[PDB]
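Undergrad: Take this structure first; my questions come after.
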Amino acid sequence: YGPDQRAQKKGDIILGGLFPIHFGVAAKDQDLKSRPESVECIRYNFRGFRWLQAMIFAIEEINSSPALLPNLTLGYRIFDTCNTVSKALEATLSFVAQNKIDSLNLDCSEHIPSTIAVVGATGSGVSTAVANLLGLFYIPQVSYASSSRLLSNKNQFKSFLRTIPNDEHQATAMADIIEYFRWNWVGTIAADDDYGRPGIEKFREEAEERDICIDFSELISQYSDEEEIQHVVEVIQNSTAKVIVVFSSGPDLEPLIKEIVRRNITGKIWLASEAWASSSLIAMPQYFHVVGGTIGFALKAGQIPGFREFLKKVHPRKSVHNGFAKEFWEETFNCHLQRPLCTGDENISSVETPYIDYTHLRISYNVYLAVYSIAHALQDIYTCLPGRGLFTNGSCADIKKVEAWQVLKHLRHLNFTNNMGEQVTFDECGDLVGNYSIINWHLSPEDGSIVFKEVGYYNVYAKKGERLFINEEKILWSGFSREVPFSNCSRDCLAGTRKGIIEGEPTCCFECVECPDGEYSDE
Amino acid sequence: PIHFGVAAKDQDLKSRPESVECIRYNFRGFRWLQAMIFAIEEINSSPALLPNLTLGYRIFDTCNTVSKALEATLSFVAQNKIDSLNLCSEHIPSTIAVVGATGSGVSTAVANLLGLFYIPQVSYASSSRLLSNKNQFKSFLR
Amino acid sequence: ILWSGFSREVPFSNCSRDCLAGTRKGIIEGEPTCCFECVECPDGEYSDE
Ligand SMILES: *[C@@H]1O[C@H](CO)[C@@H](O[C@@H]2O[C@H](CO)[C@@H](O)[C@H](O)[C@H]2NC(C)=O)[C@H](O)[C@H]1NC(C)=O
Ligand SMILES: N[C@@H](Cc1c[nH]c2ccccc12)C(=O)O
Ligand SMILES: N[C@@H](Cc1c[nH]c2ccccc12)C(=O)O
Ligand SMILES: *[C@@H]1O[C@H](CO)[C@@H](O)[C@H](O)[C@H]1NC(C)=O
Ligand SMILES: *[C@@H]1O[C@H](CO)[C@@H](O)[C@H](O)[C@H]1NC(C)=O
Ligand SMILES: *[C@@H]1O[C@H](CO)[C@@H](O)[C@H](O)[C@H]1NC(C)=O
Ligand SMILES: *[C@@H]1O[C@H](CO)[C@@H](O)[C@H](O)[C@H]1NC(C)=O
Ligand SMILES: [Ca+2]
Ligand SMILES: [Ca+2]
Ligand SMILES: [Ca+2]
Ligand SMILES: [Ca+2]
């Protein structure tokens, strides 16, 4: 089909997949002198390959276990998006070839398998782009990372479900954190895509609700040129606001953090969104003098029992179905498979790449839960007693001719318990509700790398105003310090003094003016 | 946007999802359609512009909704789809240019699919600042 | 311009009325800068604007 590189395996039911194997594509500005050629992906993403392995492991465990889906095999056709909308659209067009050729009837292999369900993309923009085409045929799409609030609009994204909570709770949690540490002068940075803008707007509204003044609001992108990034760094420099709120992903934030480190801008506290609170692209020790002591967010860790061994068992020659294994081997051992020559028997446990050296599984558990949710919808179809099913007159879908819309209908009314004991249900908005873990960016005393240690949680189930819990004794501000940094716009006025309006400046900033002769102010 | 929207239907209770019916009627949309038709016909009539060649057209209705526009765009790029995906009727017309949709979300959705084949899209009504990012909307004009 | 379709005067859409010459702007807790009070100047002080 379109993408020549893929990881596919035949089966009775085919499940699509869209994982970022690369962080982006080559910056090739085509002048269209000749025929345009397919762009190439540049920076390998080991996190994406681990997510792909998570999906493959879940499918293999489904096939092996006879309790869940007996006498039925699950296949997959997993592709690469490279964090790019065009590549994911090509992969999706590969997914919907059968349905679209049926709808259009161009009269031609007549044997292309039909994709029952698709595990959604990572980025919010790419997920929306894929959903706009997948929901056309009502093929369910269970995303694992896409957390945009725009994707809860079931009017537009009919067949979209996700295993990760949206950014409403994340923005509420960041506002709660800001008001918990007694700050009113902050700054906002957002990625110019469908993920950063809605979250930053929600946080701005909530901060204005809580009387928090935002000094600056700037948008960044992975393809930002020198002038725009220089302007952003200048507005960060001129600002007196210490704490800075960032709603961005790793690749979208890398250029800005590189420029900040090059200018050695220090003294800022970064409130990281979950996207880059654990991004190895920014969580590098050479940046710790700038990004140290960054308070971020992380989802609840899952427990996949045999996942570690399956990750360790990847072999370029023993993985016939996985076509991404060769590039993974080449990029993890810096060798060429026919620049040294790969021996074909090296040990993966020797290299330190974000594929096996993980503390917790957060989005890998989301992928596992997505695959299990699709499998459990299929099983619910399998064990549907006639006369009492979700269909008309209590009828049940035929296993030999399951259609995507039936799987989506069963997914809407799904209620199952995962291996951790929690109940997995998708709301009418199609999303899921989960707790948040608040982490801080420290430095390893024995390794020197960035270490994320938990400083508190954010219980979504609690009542408003009591969700946030912070254990400040475990926090090291700016990576090393202990005192809570000062981030008022202006110093507090003491007794006997009155607030003075500063023209053209937000209400969080004022000048202290002493009370007149006949007047007093106690507090 | 000949129609302003579509009817309401959800909760596919064993009902295989069918095409939704557009509800209202926009006479401005039909005007715009006739504007494009008239321009094409006068270009064909004029011998000065494009000698010895006739400009055809193939126009659909978006109903101000993403799904209808996506179906129209899929019908647009079927020939380039066959060329690229290597997936026939052997008579699919070669659409070389698409006059863009009206809505900004509709234009974004159509452009995310047209930019794969680098088909130019000269919209007339979409005016969001998000469509100026040429890193993503490679073949979108305004 | 017919303002509301019938009128001819520019509507007033400020949070608080302009303070007089003898008064000065005073903040209100929880309100933006466009909303203020009209605290009178103390004795010995003046304001012309
Ligand atoms: C930064 O400004 C905030 C106000 O925006 C200060 O928070 C106030 O703290 C006092 C006592 O700690 C409370 O009585 C007030 O109610 C708080 N303000 C609000 C609006 O609730 C905070 O103390 C300031 N930080 C510093 C270091 O001065
Ligand atoms: N736009 C993506 C950002 C992202 C990239 N990698 C991630 C990993 C985990 C969570 C989020 C991300 C999202 O909201 O999901
Ligand atoms: N009703 C508007 C539609 C429109 C104009 N500009 C837009 C920009 C984005 C989306 C829609 C529009 C019109 O007829 O002109
Ligand atoms: C920021 O400060 C620099 C140096 O003082 C100044 O040149 C610039 O105009 C200021 N504002 C912005 C938006 O850069
Ligand atoms: C950056 O600034 C910090 C501030 O203490 C300093 O320790 C460090 O040496 C500086 N590095 C460079 C490269 O200027
Ligand atoms: C899901 O099933 C469990 C099993 O007892 C039940 O307790 C729970 O209420 C169910 N949830 C919904 C939303 O039906
Ligand atoms: C979320 O946090 C609360 C408070 O710590 C806890 O009671 C609850 O069990 C957590 N949620 C899950 C799914 O464990
Ligand atoms: Ca089974
Ligand atoms: Ca100002
Ligand atoms: Ca002519
Ligand atoms: Ca207020």
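Swiss-Prot numbering applies to chain A: residues 20-126, 131-361, 392-576, in that order.
Positions of Cβ are set from backbone N, Cα and C atoms, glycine also.
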Undergrad: Need a hand: Swiss-Prot gives A:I81, A:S84, A:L87, A:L88, A:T100, A:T145, A:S170, A:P188, A:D190, A:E231, A:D234, A:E297, A:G557 for Ca(2+), which of A:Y20, A:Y489, A:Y510, A:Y511 is also on that list?
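TA: Matched candidate out of A:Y20, A:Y489, A:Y510, A:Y511, per Swiss-Prot for Ca(2+) with A:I81, A:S84, A:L87, A:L88, A:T100, A:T145, A:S170, A:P188, A:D190, A:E231, A:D234, A:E297, A:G557: A:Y489.
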Undergrad: In Swiss-Prot, the residues A:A168, A:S170, A:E297 are said to bind L-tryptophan. Which of A:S147, A:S182, A:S271 is said to bind at that same site?
TA: A:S147
Undergrad: Can you tell which of A:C449, A:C482, A:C546, A:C561 is bonded to A:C236 by a disulfide, based on Swiss-Prot?
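TA: According to the record, the bonded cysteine is A:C561.
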Undergrad: Which of these, A:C449, A:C482, A:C542, shares a disulfide with A:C562 in Swiss-Prot?
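TA: Between A:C562 and one of A:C449, A:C482, A:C542, Swiss-Prot records a disulfide, namely with A:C542.
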Undergrad: Just checking: which of the recorded positions A:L87, A:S147, A:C395, A:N400, A:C437, A:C449 have a C-beta under 6 Å from ligand 8?
TA: A:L87
Undergrad: Provide the list of recorded positions among A:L87, A:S170, A:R415, A:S417, A:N446, A:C542 whose C-beta sits under 8 Å from chain C at the C-beta level, in sequence order; use 'none' for an empty result.
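TA: Near chain C, no listed recorded positions qualify.
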Undergrad: Find the one among the recorded positions A:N90, A:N261, A:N287, A:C358, A:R415 whose C-alpha lies closest to that of A:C449 (disulfide bond).
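TA: Closest recorded candidate to A:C449 (disulfide bond) by Cα: A:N90.
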Undergrad: Cα-Cα separation of A:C437 (disulfide bond) and A:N446 (N-linked glycosylation site), in Å?
TA: 13
Undergrad: Looking only at C-alpha atoms, tell me how far A:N541 (N-linked glycosylation site) is from A:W70 (phosphate binding site), rounded to the nearest Å.
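TA: On Cα coordinates alone, these residues lie 42 Å apart.
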Undergrad: List the other residues in this chain whose Cβ sits within 8 Å of the Cβ centroid of the L-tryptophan site residues A:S147, A:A168, A:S170, A:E297, in sequence order.
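TA: So the additional residues around the site are A:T145, A:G146, A:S169, A:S171, A:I187, A:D190, A:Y218, A:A298.
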Undergrad: Please count the residues of the region 'Ligand-binding 2 (LB2)' (A:189-324) that DSSP assigns to helix (H, G, I), strand (E, B) and coil.
TA: 61 helix, 29 strand, 46 coil
Undergrad: Across all protein chains in the structure, which of the recorded positions A:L87, A:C358, A:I416, A:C562 has the highest Cβ count within 10 Å?
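TA: The most densely surrounded of these recorded positions is A:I416.
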Undergrad: Find the shortest Cα-Cα separation between A:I416 (phosphate binding site) and the recorded positions A:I81, A:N90, A:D238, A:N261, A:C562, and name the residue that gives it.
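TA: Going through A:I81, A:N90, A:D238, A:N261, A:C562 one by one, the closest to A:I416 (phosphate binding site) is A:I81.
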